[PDB]
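K.L.:
Below is one structure. I have some questions about it.
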Amino acid sequence: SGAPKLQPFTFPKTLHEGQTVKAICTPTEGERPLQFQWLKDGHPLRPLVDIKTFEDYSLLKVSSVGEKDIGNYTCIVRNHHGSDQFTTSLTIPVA
Amino acid sequence: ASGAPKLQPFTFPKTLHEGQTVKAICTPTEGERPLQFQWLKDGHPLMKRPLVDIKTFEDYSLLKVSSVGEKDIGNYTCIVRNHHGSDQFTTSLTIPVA
């Protein structure tokens, strides 16, 4: 008990070029404090991409989404007990 | 209709368990401020409760339901409005059988 478990999240498939898109990384259980780490295609993460982290959730914001942003994004959440993680694909229709 | 708000679609995870925390984010993909956000449950304005918490950011909203119970099962709607238009989504908070 005490280790984090993340709320499942996937990017919607109806996002369109130029829109702002966000991913939320947040536990459904787990002791605090919590550490949040974001990766894109396996590597750590540009003015148009922002990370805002709070006590028990972290928000990745990709503004004016475009070809430069397509890829797989991972959030790893950690506390003193262990970690959880999810990965979700950001793809957009051909405008 | 330039300036009108549009929401990022959001759906609760389909398999929730009693006791967990669950959150819904209501965040705009486009639009001009000022924006106003509201939440409904089963079509009625969402009432404040000790473990039902609406967080207000500068231009988005977050609903946090702690210790999910059968009390919380229902259909939740977020509506965003401004001078130029409105948008909304609805998602069901469900506890399916184990």
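Each chain of the structure tokens is named A, B, ... in the order shown, its residues numbered from 1; ligands are numbered from 1 in display order.
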Pull out every residue of chain A that has at least one atom within 10 Å of chain B, counting only C-alpha atoms, and report them as a PyMOL selection string.
P.N.:
chain A and resi 5-16+18-24+26-30+57+59+63-65
K.L.:
Selected residues, C-alpha atoms, written as an mmCIF file, in the first residue's frame, please.
P.N.:
data_model
loop_
_atom_site.group_PDB
_atom_site.id
_atom_site.type_symbol
_atom_site.label_atom_id
_atom_site.label_comp_id
_atom_site.auth_asym_id
_atom_site.auth_seq_id
_atom_site.Cartn_x
_atom_site.Cartn_y
_atom_site.Cartn_z
ATOM 1 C CA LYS A 5 -1.561 4.183 -9.394
ATOM 2 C CA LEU A 6 -2.369 6.528 -12.266
ATOM 3 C CA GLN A 7 -5.746 7.408 -13.697
ATOM 4 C CA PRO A 8 -5.716 6.075 -17.275
ATOM 5 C CA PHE A 9 -5.484 8.820 -19.859
ATOM 6 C CA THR A 10 -5.241 8.866 -23.643
ATOM 7 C CA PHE A 11 -5.245 11.843 -25.967
ATOM 8 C CA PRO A 12 -8.523 12.179 -27.899
ATOM 9 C CA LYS A 13 -8.335 11.311 -31.584
ATOM 10 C CA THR A 14 -10.384 14.360 -32.660
ATOM 11 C CA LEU A 15 -7.727 17.011 -32.005
ATOM 12 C CA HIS A 16 -6.989 19.269 -34.971
ATOM 13 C CA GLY A 18 -3.585 24.490 -34.369
ATOM 14 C CA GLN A 19 -5.612 23.600 -31.291
ATOM 15 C CA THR A 20 -4.333 23.535 -27.736
ATOM 16 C CA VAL A 21 -4.191 19.994 -26.356
ATOM 17 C CA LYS A 22 -3.472 18.837 -22.818
ATOM 18 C CA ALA A 23 -2.635 15.580 -21.099
ATOM 19 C CA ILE A 24 -3.393 15.104 -17.404
ATOM 20 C CA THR A 26 -2.866 12.138 -11.924
ATOM 21 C CA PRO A 27 -3.035 9.281 -9.420
ATOM 22 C CA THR A 28 -6.178 7.541 -8.256
ATOM 23 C CA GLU A 29 -4.302 6.481 -5.098
ATOM 24 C CA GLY A 30 -0.886 7.011 -3.587
ATOM 25 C CA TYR A 57 -1.497 16.079 -10.795
ATOM 26 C CA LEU A 59 -0.643 18.976 -16.869
ATOM 27 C CA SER A 63 -0.367 24.730 -27.838
ATOM 28 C CA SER A 64 -0.897 25.115 -31.588
ATOM 29 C CA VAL A 65 -0.545 21.373 -32.061
#
K.L.:
Which residues are close to residue 36 of chain B, i.e. within 8 Å by only C-alpha atoms, leaving aside same-chain residues fewer than 3 positions away? Reply as a list in words.
P.N.:
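Residues meeting the cut-off are residues 80, 81 and 82 of chain B.
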K.L.:
Which of chain B counts as strand (DSSP E or B) under DSSP, as number ranges by chain please?
P.N.:
B: 6-7, 22-26, 28-30, 36-41, 44-45, 49, 52-56, 61-65, 74-82, 85-93
